[PDB]
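Structure first, then comments.
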Amino acid sequence: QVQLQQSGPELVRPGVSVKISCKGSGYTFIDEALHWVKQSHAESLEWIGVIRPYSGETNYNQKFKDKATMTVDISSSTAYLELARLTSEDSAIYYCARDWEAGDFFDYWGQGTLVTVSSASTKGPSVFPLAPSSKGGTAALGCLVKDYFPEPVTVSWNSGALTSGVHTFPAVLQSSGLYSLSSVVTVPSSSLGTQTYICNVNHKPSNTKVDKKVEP
Amino acid sequence: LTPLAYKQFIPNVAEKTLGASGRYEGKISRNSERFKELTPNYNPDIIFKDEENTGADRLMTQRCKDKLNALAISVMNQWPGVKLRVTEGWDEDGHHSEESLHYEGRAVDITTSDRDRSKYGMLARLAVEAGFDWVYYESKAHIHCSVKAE
Amino acid sequence: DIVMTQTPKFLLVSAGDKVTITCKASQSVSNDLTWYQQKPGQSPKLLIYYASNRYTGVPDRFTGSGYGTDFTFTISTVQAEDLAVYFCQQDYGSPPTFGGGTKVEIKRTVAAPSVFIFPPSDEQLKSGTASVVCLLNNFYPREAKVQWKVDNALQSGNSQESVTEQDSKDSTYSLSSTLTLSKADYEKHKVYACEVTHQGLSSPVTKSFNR
Ligand SMILES: [Cl-]
Ligand SMILES: [Cl-]
Ligand SMILES: [Cl-]
Ligand SMILES: [Cl-]
Ligand SMILES: [Cl-]
């Protein structure tokens with residue numbers, strides 16, 4: 001199984017640089033070109049450049065010539081993208097992606113690294129129960145993930161064991177400048193005290209991890 | 001010798017027509033009776049990428065080995081220190097459009113060993129002169145070559 | 001740099017119907033045209049390369065055509081699971097460039113929401129704010145009116161809504177509305193109600209609680 005694993009989301013101040021990583025497994029790392037792609041609101045998808053580990057050759061999009069540096073560490077099967085002198089226009093998801101020598105298009109992509117450029121400090125969420133009180137064939141419960149910055153947060157239930165019936169809503173930006181979302185799950189109502197329900201919230205920019213128990 | 005142009009194929013007809021590599025007869029899989037018709041090419045002067053780490057890219061028809069072996073010589077003559085490289089050969093796992101001659105061990109995708117894309121048009125011409133029945137400058141990243149069935 | 005113009009921007013289609021997406025390059029790019037599918041939350045997935053070749057394992061219902069400037073991507077019989085943004089990419093010229101995308105949304109029969117309301121946690125109240133959450137689960141179409149009433153007074157300016165992307169199985173949406181009050185304001189009132197109007201409901205559904 002080919003996998004590209006990227007580093008976590010980043011909050012970074014304007015004028016500073018950020019270095020993000022992409023580790024390849026499940027194939028011979030040195031054998032394939034590794035490409036970097038930016039996805040923003042402003043411009044949908046943009047190709048930044050490519051690095052050829054087998055030769056050390058790099059080719060940059062002229063638009064990123066002064067912004068981006070691509071390197072690789074063969075010993076750790078990791079490619080790095082450094083973005084220098086960040087402005088708000090650098091806020092985006094960055095993907096790494098490989099070709100398989102059929103042409104410059106990409107079968108395997110990383111999961112994406114979200115880069116938020118801002119002078120605001122990180123703030124981890126408060127996580128509050130959305131307590132069921134249903135004793136209809138179905139009960140709903142959830143977690144309110146309130147007052148964090150920047151994006152993103154992840155929410156799992158029962159450590160990934162519960163996926164069906166889960167809805168994690170897109171965050172809304174409050175007037176405070178902080179994000180808030182809810183994650184909810186509907187479960188047959190018979191299973192309320194036949195199964196425990198814990199939401200697992202991760203907010204990597206603040207190193208916040210909360211495993212919150214939701215009960216009647 | 002004149003390089004092939006980008007996207008050019010020789011002869012100037014579709015691959016599976018009678019004047020080129022001819023009809024797709026059917027997929028050869030590892031159990032096939034026809035699997036016995038494939039034999040491995042271990043020419044030390046041909047680099048096999050071995051994408052799948054099975055050695056499958058080495059298994060090919062008699063005619064395919066003959067032409068590939070001729071090309072290996074002409075590549076080394078053309079560019080001292082450089083060798084023929086095969087990126088894809090026989091496909092046991094459906095990595096192609098159906099009716100691909102890769103399923104029959106009768107087609108290779110090739111580069112030079114140095115992955116210098118500027119050589120590939122000339123590599124294609126060498127493949128023609130080596131007697132491949134169809135040669136296609138399919139992409140900047142490789143040349144596609146095939147042979148008629150035995 | 002080659003510009004890829006993709007149309008349309010958005011498509012609404014029923015399961016079983018056809019989808020046709022067009023990409024036009026600002027100059028000819030041979031057949032060096034790739035089509036990708038990006039489902040919500042996910043990285044792009046490659047479907048077609050060299051304008052018409054399906055990637056390993058891609059279903060028969062996806063086809064592509066064209067050579068030069070003008071390219072066509074078709075889903076012959078669209079499935080619920082096919083909701084996504086589709087993007088083209090050329091790599092004839094350097095740099096490779098992409099189209100702006102086509103969002104494909106599914107039309108299905110009307111489905112009313114199930115409605116649920118959640119009071120603020122004691123934990124949250126300790127901290128001086130009260131969030132009240134109303135959930136509309138698994139409905140179609142997206143258009144819905146959610147109104148907060150506090151002691152039967154219709155609220156405004158103190159709630160925000162969020163809607164999920166369309167579900168890839170049942171093609172429904174879900175929506176949360178959050179009413180945010182100070183602890184003090186929350187404690188001035190008794191009855192908190194979420195009232196929902198939706199095409200699938202014979203009449204508005206209210207869920208409420210008494211503080
Ligand atoms: Cl800035
Ligand atoms: Cl070499
Ligand atoms: Cl209901
Ligand atoms: Cl429900
Ligand atoms: Cl309505």
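A note on labels: chains of the structure tokens are A, B, ... as shown, every chain counts residues from 1, and ligands are counted from 1 in their shown order.
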
- Message: What's around residue 7 in chain A at 8 Å? Count only C-alpha atoms, leave out sequence neighbours fewer than 4 positions away in its own chain, and write the answer as a ChimeraX atom specification.
- Response: /A:20-22,113

- residue 38 in chain C: which residues within 10 Å, counting only C-alpha atoms, same-chain residues fewer than 6 positions away excluded, as a PyMOL selection string? chain C and resi 44-46+82-87+101+103

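Within the 7 Å cut-off around residue 213 in chain A, using only C-alpha atoms and omitting residues fewer than 2 positions from it on the same chain, the listed residues are residues 197, 198, 199, 211 and 215 of chain A.
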
- Residues of chain C within 7 Å of chain A, using only C-alpha atoms, as an MDAnalysis selection string? chainID C and resid 34 43 45:46 91 95:98 100 118 121 123:124 162:164

- Message: What's around residue 71 in chain C at 12 Å? Count only C-alpha atoms, leave out sequence neighbours fewer than 5 positions away in its own chain, and write the answer as a PyMOL selection string.
- Response: chain C and resi 4-7+20-26+28-35+48-52+63-66+87-90+99

Those same residues, written as a compact mmCIF listing (two decimals), in the first residue's frame with N, CA, C and O atoms?
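In the end it all went to result-v2.txt:
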# COMPACT_ATOMS: atom_id res chain seq x y z
N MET C 4 -6.81 26.50 -17.96
CA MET C 4 -7.85 25.50 -18.09
C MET C 4 -9.17 26.10 -17.63
O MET C 4 -9.28 26.48 -16.47
N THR C 5 -10.13 26.24 -18.56
CA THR C 5 -11.47 26.72 -18.22
C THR C 5 -12.41 25.53 -18.14
O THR C 5 -12.67 24.85 -19.14
N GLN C 6 -12.96 25.32 -16.95
CA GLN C 6 -13.81 24.19 -16.71
C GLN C 6 -15.24 24.68 -16.56
O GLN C 6 -15.47 25.64 -15.84
N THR C 7 -16.18 23.99 -17.20
CA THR C 7 -17.60 24.28 -17.04
C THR C 7 -18.38 22.98 -16.98
O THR C 7 -17.91 21.93 -17.45
N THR C 20 -22.02 15.58 -17.71
CA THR C 20 -21.06 15.99 -18.72
C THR C 20 -20.37 17.27 -18.25
O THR C 20 -21.01 18.29 -18.02
N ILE C 21 -19.04 17.19 -18.14
CA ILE C 21 -18.19 18.28 -17.71
C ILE C 21 -17.21 18.56 -18.84
O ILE C 21 -16.72 17.62 -19.47
N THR C 22 -16.92 19.84 -19.05
CA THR C 22 -16.06 20.29 -20.12
C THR C 22 -14.87 21.05 -19.53
O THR C 22 -15.03 21.85 -18.61
N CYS C 23 -13.69 20.81 -20.12
CA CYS C 23 -12.51 21.61 -19.85
C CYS C 23 -11.91 22.03 -21.18
O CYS C 23 -11.75 21.21 -22.07
N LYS C 24 -11.59 23.32 -21.28
CA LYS C 24 -10.97 23.89 -22.46
C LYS C 24 -9.66 24.53 -22.07
O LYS C 24 -9.61 25.35 -21.15
N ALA C 25 -8.60 24.18 -22.79
CA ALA C 25 -7.28 24.75 -22.58
C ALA C 25 -7.10 25.98 -23.46
O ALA C 25 -7.60 26.01 -24.58
N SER C 26 -6.26 26.91 -22.99
CA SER C 26 -5.99 28.14 -23.71
C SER C 26 -5.10 27.89 -24.93
O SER C 26 -5.01 28.73 -25.82
N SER C 28 -3.60 24.15 -27.37
CA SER C 28 -3.70 22.70 -27.52
C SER C 28 -2.72 22.04 -26.55
O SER C 28 -1.59 22.49 -26.40
N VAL C 29 -3.15 20.95 -25.93
CA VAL C 29 -2.32 20.19 -25.00
C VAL C 29 -2.33 18.69 -25.33
O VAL C 29 -2.22 17.85 -24.44
N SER C 30 -2.49 18.35 -26.60
CA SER C 30 -2.42 16.96 -27.03
C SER C 30 -3.55 16.20 -26.34
O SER C 30 -4.67 16.70 -26.24
N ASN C 31 -3.20 15.07 -25.71
CA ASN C 31 -4.16 14.34 -24.89
C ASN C 31 -3.69 14.32 -23.44
O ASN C 31 -4.11 13.46 -22.66
N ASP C 32 -2.85 15.31 -23.07
CA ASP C 32 -2.21 15.36 -21.77
C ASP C 32 -3.14 15.98 -20.72
O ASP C 32 -2.81 16.99 -20.10
N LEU C 33 -4.30 15.34 -20.56
CA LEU C 33 -5.39 15.83 -19.75
C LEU C 33 -5.78 14.75 -18.74
O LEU C 33 -6.05 13.61 -19.09
N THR C 34 -5.75 15.14 -17.47
CA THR C 34 -6.06 14.24 -16.37
C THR C 34 -7.31 14.73 -15.63
O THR C 34 -7.50 15.93 -15.42
N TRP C 35 -8.17 13.79 -15.25
CA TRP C 35 -9.36 14.10 -14.48
C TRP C 35 -9.25 13.49 -13.09
O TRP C 35 -8.95 12.31 -12.94
N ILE C 48 -8.94 9.51 -14.64
CA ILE C 48 -8.66 9.37 -16.07
C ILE C 48 -7.37 10.12 -16.38
O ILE C 48 -7.15 11.22 -15.89
N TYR C 49 -6.50 9.52 -17.19
CA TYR C 49 -5.32 10.21 -17.70
C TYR C 49 -5.20 9.96 -19.20
O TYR C 49 -5.88 9.10 -19.73
N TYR C 50 -4.34 10.75 -19.85
CA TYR C 50 -4.23 10.77 -21.30
C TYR C 50 -5.61 10.98 -21.93
O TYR C 50 -5.94 10.37 -22.96
N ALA C 51 -6.42 11.82 -21.27
CA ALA C 51 -7.74 12.25 -21.71
C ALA C 51 -8.79 11.14 -21.60
O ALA C 51 -9.94 11.49 -21.37
N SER C 52 -8.45 9.86 -21.84
CA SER C 52 -9.47 8.82 -21.94
C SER C 52 -9.12 7.52 -21.20
O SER C 52 -9.97 6.63 -21.10
N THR C 63 -15.95 8.10 -18.29
CA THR C 63 -15.21 8.18 -19.55
C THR C 63 -14.69 9.60 -19.75
O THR C 63 -15.14 10.56 -19.12
N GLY C 64 -13.70 9.73 -20.64
CA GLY C 64 -13.17 11.01 -21.06
C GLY C 64 -12.80 10.99 -22.55
O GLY C 64 -12.50 9.93 -23.09
N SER C 65 -12.83 12.17 -23.19
CA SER C 65 -12.45 12.30 -24.59
C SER C 65 -11.83 13.67 -24.84
O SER C 65 -11.95 14.59 -24.03
N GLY C 66 -11.17 13.78 -26.01
CA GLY C 66 -10.66 15.03 -26.52
C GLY C 66 -9.18 14.95 -26.88
O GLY C 66 -8.43 14.09 -26.40
N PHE C 87 -11.98 17.91 -11.19
CA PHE C 87 -11.00 18.87 -11.69
C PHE C 87 -10.24 18.24 -12.86
O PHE C 87 -9.94 17.05 -12.82
N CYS C 88 -9.93 19.04 -13.89
CA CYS C 88 -9.02 18.62 -14.93
C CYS C 88 -7.65 19.24 -14.67
O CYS C 88 -7.53 20.22 -13.92
N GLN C 89 -6.64 18.64 -15.31
CA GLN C 89 -5.26 19.07 -15.19
C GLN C 89 -4.59 18.80 -16.53
O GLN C 89 -4.74 17.72 -17.08
N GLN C 90 -3.86 19.78 -17.03
CA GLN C 90 -3.02 19.57 -18.20
C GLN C 90 -1.57 19.52 -17.76
O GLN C 90 -1.16 20.26 -16.85
N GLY C 99 -8.00 23.04 -13.90
CA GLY C 99 -9.25 23.76 -13.97
C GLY C 99 -9.79 24.14 -12.59
O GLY C 99 -9.33 23.65 -11.55

- Message: Set the distance at 6 Å and use only C-alpha atoms: which residues neighbour residue 178 in chain C once local chain neighbours fewer than 4 positions away are removed? I'd like the list as a PyMOL selection string.
- Response: chain C and resi 132-133+159-160

- Show me which bits of chain B are within 9 Å of chain C, counting only C-alpha atoms, as a ChimeraX atom specification. /B:7,93-97,138-140

Output N, CA, C and O atoms of each residue in that selection to a file, as a PDB file, in the first residue's frame.
ATOM      1  N   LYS B   7       4.247  12.248 -29.217  1.00  0.00           N
ATOM      2  CA  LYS B   7       2.960  11.607 -29.492  1.00  0.00           C
ATOM      3  C   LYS B   7       2.952  10.878 -30.841  1.00  0.00           C
ATOM      4  O   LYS B   7       1.936  10.292 -31.207  1.00  0.00           O
ATOM      5  N   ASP B  93      -1.955  -7.489 -12.929  1.00  0.00           N
ATOM      6  CA  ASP B  93      -2.874  -6.904 -11.950  1.00  0.00           C
ATOM      7  C   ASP B  93      -3.723  -5.747 -12.508  1.00  0.00           C
ATOM      8  O   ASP B  93      -4.185  -4.910 -11.734  1.00  0.00           O
ATOM      9  N   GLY B  94      -3.923  -5.660 -13.830  1.00  0.00           N
ATOM     10  CA  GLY B  94      -4.854  -4.690 -14.397  1.00  0.00           C
ATOM     11  C   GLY B  94      -4.486  -3.216 -14.161  1.00  0.00           C
ATOM     12  O   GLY B  94      -5.351  -2.438 -13.752  1.00  0.00           O
ATOM     13  N   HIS B  95      -3.236  -2.821 -14.468  1.00  0.00           N
ATOM     14  CA  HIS B  95      -2.775  -1.438 -14.357  1.00  0.00           C
ATOM     15  C   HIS B  95      -2.837  -0.709 -15.698  1.00  0.00           C
ATOM     16  O   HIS B  95      -2.107   0.259 -15.919  1.00  0.00           O
ATOM     17  N   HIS B  96      -3.691  -1.190 -16.605  1.00  0.00           N
ATOM     18  CA  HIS B  96      -3.774  -0.613 -17.933  1.00  0.00           C
ATOM     19  C   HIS B  96      -5.233  -0.565 -18.357  1.00  0.00           C
ATOM     20  O   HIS B  96      -6.099  -1.193 -17.746  1.00  0.00           O
ATOM     21  N   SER B  97      -5.489   0.212 -19.411  1.00  0.00           N
ATOM     22  CA  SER B  97      -6.722   0.068 -20.158  1.00  0.00           C
ATOM     23  C   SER B  97      -6.824  -1.396 -20.571  1.00  0.00           C
ATOM     24  O   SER B  97      -5.807  -2.021 -20.872  1.00  0.00           O
ATOM     25  N   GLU B 138       4.586   8.106 -26.042  1.00  0.00           N
ATOM     26  CA  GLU B 138       3.282   8.210 -25.404  1.00  0.00           C
ATOM     27  C   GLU B 138       3.218   9.365 -24.405  1.00  0.00           C
ATOM     28  O   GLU B 138       2.140   9.935 -24.170  1.00  0.00           O
ATOM     29  N   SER B 139       4.354   9.620 -23.749  1.00  0.00           N
ATOM     30  CA  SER B 139       4.436  10.729 -22.826  1.00  0.00           C
ATOM     31  C   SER B 139       5.873  11.195 -22.688  1.00  0.00           C
ATOM     32  O   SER B 139       6.814  10.535 -23.112  1.00  0.00           O
ATOM     33  N   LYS B 140       6.026  12.352 -22.054  1.00  0.00           N
ATOM     34  CA  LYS B 140       7.345  12.865 -21.753  1.00  0.00           C
ATOM     35  C   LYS B 140       8.110  11.882 -20.872  1.00  0.00           C
ATOM     36  O   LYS B 140       9.333  11.918 -20.898  1.00  0.00           O
TER      37      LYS B 140
END
